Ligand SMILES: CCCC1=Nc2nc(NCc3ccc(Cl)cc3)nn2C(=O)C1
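Only one chain comes next, encoded as structure tokens, the form solved without the named molecule.
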């Protein structure tokens, strides 16, 4: 019954600009998390109680539901943070929860894959995954930021990098994606980065750390699958960075044949794949829209695809 009571509370949202602005600040941050996390968690548990019956009964969905109830119990059992010793122990609980739930997206994807087909309105699944995954991103950002306030890392204020270079973060994920792709196909497309390659601004890397490898793996696979006769010489994937006062734009352009007309209306659905998870595109778009940006696709059937990632700047 505690879930219904806590879910009726508002929810004080923290904007990345508020996050940017002795150890007294650690106690105020700890107390904010103590009051905020159970409220966000209770809304998500209410979302699990509302899922279509045949889906809620799935053993994997039930397991994630139990994990989330257990997380609510541990957080609500923690006594109010009064001093530094209390805040240090609360950090341990936050680390444990971050670790215990690192594979939640995989569990949700597999628990929903077959059960999803036995319901009358599949759009409930899109709403549920969008709400759950974006709240999970927001929760993981608040939790990781609080922990990182205990570090003395240059160019960082918690998880906010004060001098983020989009070129360097893109390069980090290009090297990761090229290695996965070379392991499966024997080669990977070269990536050229152009535009505002020297841009540097305050930014939270965490959402880029999910979106970028997802969009890079897609562009590289499409390129390899459409050039099977010449895997040793495939067209480059071209990334353009456009930086302005309102937003950061990253366009990832490939020559991997495009997204077919018959598939275009389904690529943004969870579980849809032409391979195998089918989560990269709908999750990337939900994450981007949650942070005030967008993910837009331009398909040139027979040639390739342009993917546009737009993320807002920190005021």
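Residue numbers count along the first chain shown, from 1.
The form deposited with the named molecule bound is left out here; the points below concern that form.
- Remark: open binding site. Placing the named molecule in the deposited complex onto this structure by local C-alpha superposition gives no atom within 2.4 Å of a backbone or C-beta atom.
- This chain is displayed without the named molecule, yet in the deposited complex the stretch 215-223 from 191-199, 240-248, 115-123, 215-223 comes within 4.5 Å of it by heavy atoms.
- This chain lacks the partner; the member of 180, 109, 148, 88 within 4.5 angstroms of the named molecule in the deposited complex by a non-hydrogen atom is 180.
- This chain lacks the partner; the member of 163, 184, 153, 82 within 4.5 angstroms of the named molecule in the deposited complex by a non-hydrogen atom is 184.
- Contact annotation: residue 78 falls outside 4.5 Å of the named molecule in the deposited complex, judged by heavy atom distances.
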